[PDB]
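So the structure is just underneath, and the comments pick up after that.
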DNA sequence: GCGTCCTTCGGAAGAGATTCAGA
DNA sequence: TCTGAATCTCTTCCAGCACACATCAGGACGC
RNA sequence: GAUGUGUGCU
Ligand SMILES: [Mg+2]
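Structure follows, in structure tokens:
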């Protein structure tokens, strides 16, 4: 379901900002998860250009530079 | 933060830290005093409880509270929940260069313009004013320019008109359901305090004008202005992202104007006359020589791009009205004439705009939308389509149907005491016969309302579609439906109880006659449930969209 | 007949149904409840007396010392209401109580006492309630709304449906006391009864059964009736009750006296039961194997060794029955455990219960209530005695016991406040019976199960809490006290009681700020029935049922007035005639119906008594005697509407208006509106602002009189007389001699309330409506308050509307207001607002109020005086200086941005210790002069009246009027007269004169001391200056303007006079609405009001035309009589033949602007009457007229509606909502812009707007939205410099709210960090 | 006046802990 | 008497923006 | 700054 399919994403920041922050942060801290700032909510939170629209070109350049 | 007086703010993290440090210092003191193991064990337990309260208060059985039994917020209480650092200060932030005021119509605008108050754009575009004043040398430093602006001299208005010339602003309504709730308009300075808004985009904003406010935001950087103009400008948001239907569709007054203009009755000031063009039709109507609802044969030239993008004209002589001929004058070259030669409701106008967008493009569509709005407002004002109390005509065969239905109800009630029918099927059939009477009354009403208008052909009488204003704005699709007209002129219906039991005696009175002291109380159950459903059940529908956005 | 306030402008009434009960005092709940709380009760049941006798007399820990209450007294308030509002202190009264500490002699508990010490001791400080039911707490006026909470008693709910996830509906029995813990009984899906004290955890009801000192055999005796088995020769015959075998399967061949009755396995029919009863037999046979599934009732022990063979609640097995057969126990007891009727629930609970004795049951209860503590016998015993059987820790009130006894069908109504064995046993028996099938649950939305706690009851509870808090210390301190030195004040602390009462009245969920912007708002705020607050439910856990309107709200609670939003249906308003029962429930008036005559005596039936009688309908036709003309009338018997005969009825409704509230009874043609639109109309009528010149509504309801008079904003005359002197700020009434008392007669003075600030920053300003030398009668309006016209609630103006689309300037719901409306200042209102400039003493020194400000020239300091305070009457605009305050190194008070004003009041409060500033002492001197002058003037006027009374005594019994004038004024009381009672009256009047002299002298001294006082303030402030601006907010495009039928709108264009449409007479149209707002939202009442107002204005225009050209009284009288006799059959029936041929002329002069029409709520004016009234003038019967366009000058090619609709002006003004923010102030914990318009704050870019920005793909716009004009600090300043550098470029960093998040996560045990 | 200090009451769903029963 | 299936218990969630007003910040005890 | 109340538009 759309709740579990959002809680069980790869980037723990999205799941932490969506719902059940304690249960997500605890599991991420135990497992030592490593975020990648892949989607849109993570970049919105951090304060970067989203890899969605006019920032998609910038994100593509950033990914292809490494 | 120190307030007025010697006391301090009711901080909760500091209070929890005070408790934890106090307990820790007490435990350290008791470790050296060689206290009995029971006392130091109890103090260690209290320290553990205090730390568990500091980390996530309330996760244990009972939460601690500071004053008046209000559970104070720990570290987790300001990271989780709706009032945490994620959903309140990171995913959504308070924003500079923003404004807020009530909105009005101002239909003189264009699709790409809004009206900012002259005393608000001065506050929004203030650093731009400082920069241009320093560029022109009228000021010397930021302080001098700031003082000059706040003093509102005679030239700061002449500078504000240069920073705002082609600098779009973002008008956002409060519930931003879909992406069309934020659009960009080129400002037009007006005297006043209300943000004027183009009437077409009200459908997208879902913004009436009964006291709601909109927020205006200023794109600062160059890229923001170019995104506001190329992506978020209202002229680039004529198509709904949900479906291929147009979203800037005339609503409830342009529709009524174009429905009154593009409609014919079988009589006229001048009927059989033959016209030589739409311009001559407008000249004929504005001169008072022929009514707007004549039945004439005007000679028109409808272009067509049936070739590979080439406009080839074809002129003919079609049997139309004067109003349709007037309206055709604003249709762009490229549309067939079998698009205004009817009674334009709201679906007709929406399909007209859709076909214009698919055929001509975007710029002719915007021009066509503006012209449609103008010519709808003008010929709706020139019609005086009021609503009186004689327009809601109750059908004469209403109390007869009521008497027949009540006689049947009395017969079934008497049969109930005879034992033939129990409190089951009898209730079912009495509800069904009341519904039968309801549909018969509504059908009689809607047959007396529209086709029952005898007009003279000048040879004899015949019928037509009614000019009854209630029916006019119900048929045009401006505002209303079958339910509202049924509840105004027919009977109201069967208002059930909140549990689900349909009331045995349906309301036989409408809002053209009175309502009894008891029928109103019956209707209040449904009205209160319909009002409460919105208030306390839009929360789940607004949580569904949040889940859908976060999953995708 | 009519009085002078009625024979001045008499409103035509269209009500057909005659009235029998006049609308009562509308705010009769607040005043009556606080009168009950505050009065002196000898017996003591209400308010303080009951609260004192509940706690007092108080005794120590057997210390031979008692403190006993005797009597209480309320001292006079320190300041009056006006001085409290001006100053900012509560309007309260001291609480003086004659406490008495008594100590008996040593070794003599009941002997003679050592001494009697008593003194009136000041404890607590109870706020008093003003004349209008409003308190004053800190100058601001509060209103304590009533509360609608579930009554104490027992409520057998159901918990239907969703429990158990299988469809089995449980049953629960909650015992709610007024004060104390709960006693929730409830069932289990396995048919087990679980007691639940305070919702802690489930446990079998056998635990509390044993806790009540009961054995198992006693439990089985209580809940089950025994079935007798007798051991005999053999075969174990059974004692049989014939009724028991009803509805089951015959387990064997049912026989008696040889013959066979029911065969094997046959379901026993009632015919067989009746025939067995008629057989008159009691004993039959039964197979032994059948008793394998039975239970024993009582314990059974051996007769030889005493060993137990069958304990109580044990099964009968074949081996066990065989053992019992040889034992010698011939009579066997078993239970009537039917599987459908008499379910064996409590036996199963006994089986589940692990406890066996009372002591262990008490231990288990102690462990449940207070876990983790060592249970002892005495501690558990005391806990269980304090739970449900102690008069201090548990108290069902009188209403609680009434509901408890009525729900159990008992006979007595009174009883003890604590529970008992029989109470809990009866509750459990009733619950079991409901489970069985007999009886039914009771819904908790029924208005017979919801009480009303007004101000008096809540204040009594809160005071009792403080009294308990004080008496605990009075008990502890008394045992450790030195006698002969403890007068009854050293042990009672006044801090707790005063603190608790102030905590209630000041900061509570029901001590709401008074919504005060017109008389309707306050009069509907006082009559407000809330459900939130203490002891009620929150809007989070508020179900779909509490919001919904119950059928029992008819006549008690308004159905169509509840505030929309988060709390809809929880804040219902009281009905018009609704009253408060003695217990607190809601009851409504009803006309008693005899055999065939609808009588006049009126009975107030509650919500539980109504559900038994058959009550007729208000709109039922009668014929001069009280008889129903038709045989079948519509009625409501048991919450259900049906047709009933003319003989089954026994009650009839009083009037049609009794269903709706006061606020919703002002809407004309309410029955033609939708209910949502009626709700919106009521709310917006509550939100209306008072305009400059109040204008009467042409179409009304007749309820405006009651709302105006009974609100308290208008000065209503106390005793009838003649206006001796009418002034713009004072009215003097010379009372008629029949209304004068013998002693202390004089006259009465009404001091009007001039321009002063309301709670919502509006203006309340009473102005006279009577002329000089005009005879007034008792109980009539003397001066109209805000938004009133001759004692008639007038919230708006009669605007000449026309429903037509006009060039799109009324596109969606907008209004197009003509410029004549703003030229005439019909909607321009006043907004007095106060601006304070406090002067604290921070570090480096205090702050001064000097007029010299550094770095500011004299141009800005021109308005101020030499003392730094602005002159009264300055035309100060936005940005000027009001008070010049300097901070030790400028922080002077400045008028806010974009607001004009005119200072009309400056009040300076200086804390004691500072001598003064010269402006403050000038204000003090002016106040001293005014307080001397007004008192001297009132004394002069009332003594002129007193000397007139002296002379009127002198004219009887030897008057010498020839020598009367020449006498000097002093020597008039002792002129020539006989020694009859006339000389007694003269001496009494002289005594009154001398006493008034002394009283005026001491009052003047007290006034001197009060004005010259020290005016204590907050800790750490020197002086406070309050400046009262006064703006005239004109009408402008943007502010909401609304009608009464829920048709609001925002003005989009102030169109010039010439552009407005005009009729053939050239008269313009003041407002152009939108027609399309009528059919979709079916508020058809606006169009009917438009037509009726058009008819009324036509009548007014005919009167004005016949009055402009001078015409005699004959034509005017004839036309006005024709106008007032228009209806088919109305109860108005006013005849002008009794008017004195000048009163008709004044009436015509008052009617020339339009005849006011009364259209009662559900007794309204029919369309035929409207059309006939229109035809009475020269207006078309269809209502619509021909309108010509104002610009093109050509006719609109359709007749359009033109009439006079009553437009309000809601105070959602555009200038209070316009706001913008550039780079300004930012928050502290996270570097974000502040929130709100008060501080310079920016609009929140919410979580939903970020999604809309992501959808477009606008990344740079979003990036600037959440970094550069937001949390970022360095990037923000760099962006500001770039913007004022000619460069539109951003260099964002990272929002500071993310660093805050990182630090707050790292403050836990987590370690989150960025990776390179 | 300053100043130092140790109630209860929703409901829907889901997860994760206990208990049943049955082969 | 091991182990799926059912049941009991504890946790999480319940819209968006805005405006107005008020109250609070330790109060109990020593001096 | 946090609570409490009232209110506006959905
Ligand atoms: Mg709206």
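Protein chains in written order, with the authors' numbering: chain E, 1308 to 1373; chain X, 253 to 804; chain A, 2 to 890, 915 to 1341.
All C-beta atoms, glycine included, are put in the ideal place defined by N, C-alpha and C.
Check, Outcome
"Check whether residue 1098(A) and residue 804(A) have beta carbons under 8 Å apart", "yes"
"Limits of the unbroken alpha helix (DSSP H) element including residue 442(X)", "It is not in any alpha helix (DSSP H) - residue 442(X) instead sits in the beta strand (DSSP E) that spans 434-442."
"CB contact below 8 Å: residue 330(A) versus chain X", "no"
"Cα-Cα separation between residue 1308(E) and residue 314(A), rounded to whole angstroms", "52 Å"
"Contact set between residue 1323(E) and chain X, taken where Cβ atoms lie within less than 8 Å", "338"
"Residue 290(X), buried or exposed, once every other Cβ within 10 Å from all chains shown has been counted against 16", "exposed"
"DSSP beta-bridge partners of residue 1048(A)", "840(A) and 935(A)"
"Whole-number beta carbon distance between residue 722(A) and residue 740(A), since they are thought to touch under 8 Å", "7 Å"
"Inter-stretch contact at 8 Å, needing at least 3 Cβ pairs: the stretch 837-855 of chain A / the stretch 1036-1053 of chain A", "yes"
"Straight-line Cα distance separating residue 727(X) from residue 823(A)", "38 Å"
"Residue-chain proximity (residue 348(X), chain E), Cβ-Cβ < 8 Å", "no"
"Candidates 763(A), 343(A), 232(A) and 311(A), of which the one nearest residue 247(A) by Cα", "343(A)"
"For residue 769(X) and residue 630(A), believed in contact at Cβ under 8 Å, the rounded distance", "In fact, because the Cβ distance is near 18 Å, the residues do not count as touching under 8 Å."
"For residue 261(A), the nearest candidate out of 185(A), 277(A), 250(A) and 271(A) (CA to CA)", "277(A)"
"Counted within 10 angstroms of its Cβ, other Cβ atoms place residue 594(X) as buried (16 or more) or exposed", "exposed"
"Spatial distance of residue 495(X) from residue 606(X) (CA atoms)", "12 Å"
"contact_flag[the stretch 1298-1306 of chain A, the stretch 450-463 of chain X] where n(CB pairs < 8 Å) is 3 or more", "no"
"7 Å CB neighbourhood of residue 337(X) in its chain, flanking five on each side removed", "330 and 331"
"Pick from 328(A), 300(A), 271(A) and 231(A) that is closest to residue 283(A), judged by C-alpha positions", "231(A)"
"Any non-hydrogen atom of ligand 1 closer than 7 Å to residue 460(X) Cβ", "yes"
"Below-8 Å beta-carbon distance, residue 1356(E) vs any chain A residue", "yes"
"beta-carbon residue 1064(A) near ligand 1 non-hydrogen atom, thresh 7 Å", "no"
"Within chain A, partners of residue 279(X) - CB distance below 7 Å", "Result: empty, since nearest Cβ-Cβ is about 19 Å, beyond 7 Å."
"Interface residues of chain A facing residue 341(X) [CB-CB closer than 7 Å]", "1255, 1257 and 1322"
"Start-end ranges of the beta strand (DSSP E) lying completely within the stretch 530-568 of chain X, minimum 3 residues", "548-556"
"Whether residue 512(A) touches residue 145(A) by CB criterion (8 Å)", "yes"
"Nearest to residue 1339(A) (by Cα), restricted to the options 1357(E), 1344(E), 1372(E) and 1363(E)", "1344(E)"
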